[PDB]
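Have a look below at one chain only, the form deposited in one PDB entry, in structure tokens format.
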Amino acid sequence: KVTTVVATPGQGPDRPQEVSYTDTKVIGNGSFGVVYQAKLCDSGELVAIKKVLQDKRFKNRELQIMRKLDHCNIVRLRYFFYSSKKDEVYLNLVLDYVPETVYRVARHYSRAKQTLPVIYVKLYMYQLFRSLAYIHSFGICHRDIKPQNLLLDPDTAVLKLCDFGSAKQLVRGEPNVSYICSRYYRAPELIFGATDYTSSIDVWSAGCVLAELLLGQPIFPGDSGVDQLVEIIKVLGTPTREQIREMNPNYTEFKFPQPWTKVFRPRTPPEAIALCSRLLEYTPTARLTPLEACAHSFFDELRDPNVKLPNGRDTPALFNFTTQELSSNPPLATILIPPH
């Protein structure tokens, strides 16, 4: 049937208006609770409702971040409402329903042994670094960059950052947990038990999803944090004593105490391999900033005026830059916004 509730509009002021929707179905689950998909009775727009349980004697870090974020490549928080077993409540996050994720379209290609077109790979990754450079400016680290958290529309080719329950405003001094992120996309510093990491861990996970697109399979598949490090050393090579010191110092076992360059599939664009190399660096500082990655030579086909999607539709919102977005090296604005 239909259901109406009083929700405070996200990002906007505290003016709880009434929202009514129908046709609710579960599109996902998790430890937080469950995410639904409903249809707003007005305009018939399909949304997503994330029912996360929360103790009333606190404040959801996700909700605080989502209300302070507004970017084309980030799923906007439309509204939010509570619908609660004593000192607890269920926080429901109403967001725009993006119809697909990068993992699903990547799996559909992997099920047929076909590489995703580089045009798709270049547009998705660029929209990822654009959302990263946005959230990284405010000092927020997603801490869960994965293809399942990279929503995408098939027609408009618009990608948006999905989850934010693992994100935290990384401040100086404040120690944060190490065992974060998905294993296949976890940075090496987190495996070594570093509590002083920066937002460059999202860049490592960005380099991992890039390789998964140019290879049809996860680049670093392990069953444990230690096993994940063996996959990294097998490809990236043995980290030197400086890089092991650039991250947290710790001793670790291994299957053996043993850097193949030819790892990517044939016909892989060399410009992407150069980008993926600057992203998957042992040293967290050598990793390109999300804005520095946007200005890479691999993202030059999109910066061309005559760029167009396969279905004839023009390039989606590729520019639309803000001063906050360019807080890291504003000089690079001419490469992020060509005269085109």
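In this text, residue numbers run from 1 along the sequence as written. C-alpha atoms forming the largest set that superposes within 1.5 Å between two forms make up the rigid core.
Not pictured, yet referred to below: the form deposited in another entry.
With the rigid core aligned between this form and the one not shown, only one of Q217, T195, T252, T240 has a CA shift of 2 Å or more: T252. One change in the other entry concerns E253 and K146, whose Cα atoms lie at least 3 Å farther apart than in this form. In the other entry, the CA atoms of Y251 and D196 draw together by 3 angstroms or more relative to this form.
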